[PDB]
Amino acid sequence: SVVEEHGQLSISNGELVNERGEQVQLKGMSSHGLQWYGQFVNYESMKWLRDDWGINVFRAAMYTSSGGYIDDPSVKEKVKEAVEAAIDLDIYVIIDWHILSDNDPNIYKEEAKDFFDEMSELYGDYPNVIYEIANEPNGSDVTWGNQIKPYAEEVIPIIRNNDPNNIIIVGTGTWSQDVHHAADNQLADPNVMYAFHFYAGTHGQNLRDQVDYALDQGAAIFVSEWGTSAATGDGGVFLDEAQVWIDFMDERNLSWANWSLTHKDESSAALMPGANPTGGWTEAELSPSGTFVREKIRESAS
């Protein structure tokens, strides 16, 4: 029903919109690294998230480094399984080339172009798909102008050869925080969005105002990853400031995906250790973070 209602997504003056120009706000979950916690990504768990949480988007976080796709490309099958599940379930799906320790997106540019050529040929005709070409560029010598924009300028045409219209989300500097630099030197492709990521126990008003700057320049922003914890993961969850951010995103209709769907023992994890991989979770199988995120997604779901 989600993709059935909205169909093809596009950007209109910085806003994510459906095929009739109506605002669309996607809320869902991100997987943790598919090379570590791939058992939580399957048709049953995505159905349970769709039906019980009300998600309308699922993000497949394909790490490149850290035992991910570069060393073992069999993780692509997990990405495929997620995409095909999303298509069956009628929800949107984000294919995320999850760089992090490989902080400059150009480190694996050739591989990224090959990977996105393959994904876009297989799935380009479905409106469900969203590409995220560089999770979190980071480092003082990784900038929008020198490193990230030019990367996007090479990868985007590769996807566009096969898929002329699906949304492409492009990471920004400082772990996808530097949306204002990107907004002052935007890509030309009309269906692009810039990533903005945050952690409720670490980031506040200063980054909120930076996001407002970017939006004021006409740039579209997709909060493709955010955590309820501190970036450090100490002190537990910070749901007070997480709720300020929730309202911030709602005021501006920003789409988001929470990090992350795993049973790992870290505050941002949505599930408790031992939680069922195929969903159907009791309330005891959800962490404090998961309980809160589920509530945020349910209360806006139809």
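Here the rigid core means the biggest group of C-alpha atoms that line up within 1.5 Å when the two forms are laid on top of each other. Residue numbers here begin at 1 and follow the sequence given.
Inset, instruction - Compare 144-152 with 198-206 and report which one shows the larger root mean square C-alpha deviation from this form in 9 other deposited structures of this protein once the rigid core is superposed. - result: Greater root mean square C-alpha distance in 9 other deposited structures of this protein: 198-206.
Legend entry - Stretch with greater C-alpha deviation in 9 other deposited structures of this protein, 249-257 versus 267-275 (rigid core superposition): With the rigid core superposed, the C-alphas that lie farther in 9 other deposited structures of this protein are those of 267-275.
Inset, instruction - Return whichever of 273-281 and 45-53 has the greater mean Cα B factor according to the PDB record. - result: Between 45-53 and 273-281, it is 273-281 that shows the higher mean C-alpha B-factor.
Inset, instruction - May I ask you to compare 24-32 and 248-256 by their mean CA B factor in the entry and name the higher one? - result: For C-alpha atoms only, the mean B-factor is higher in 248-256.
Legend entry - Residue of maximum C-alpha B factor among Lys149, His180, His197, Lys113, per deposited coordinates: Of the candidates given, the C-alpha B-factor peaks at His180.
Inset, instruction - Go through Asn103, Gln217, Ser224, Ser176 one by one and give the residue whose Cα B-factor in the PDB entry is largest. - result: Spelled out: the listed residue with the top C-alpha B-factor is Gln217.
Legend entry - Entry-reported Cα temperature factor of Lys78, expressed as the chain third it lands in: Highest third, going by the recorded CA B-factors of the chain.
Legend entry - Third of the chain's Cα B-factor distribution that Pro137 belongs to, per the entry: Within its chain, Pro137 is a lowest-third residue by C-alpha B-factor, going by the deposited values.
Inset, instruction - Please place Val237 in the lowest, middle or highest third of its chain by C-alpha B factor as given in the entry. - result: According to the entry, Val237 has a C-alpha B-factor in the chain's highest third.
Inset, instruction - Relative to the other modelled residues of the same chain, rank the CA B-factor of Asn206 and answer lowest, middle or highest third. - result: Highest third.
Inset, instruction - Among all modelled residues of this chain, ranked by Cα B factor, put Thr64 in the bottom, middle or top third, i.e. lowest, middle or highest. - result: Lowest third, going by the recorded CA B-factors of the chain.
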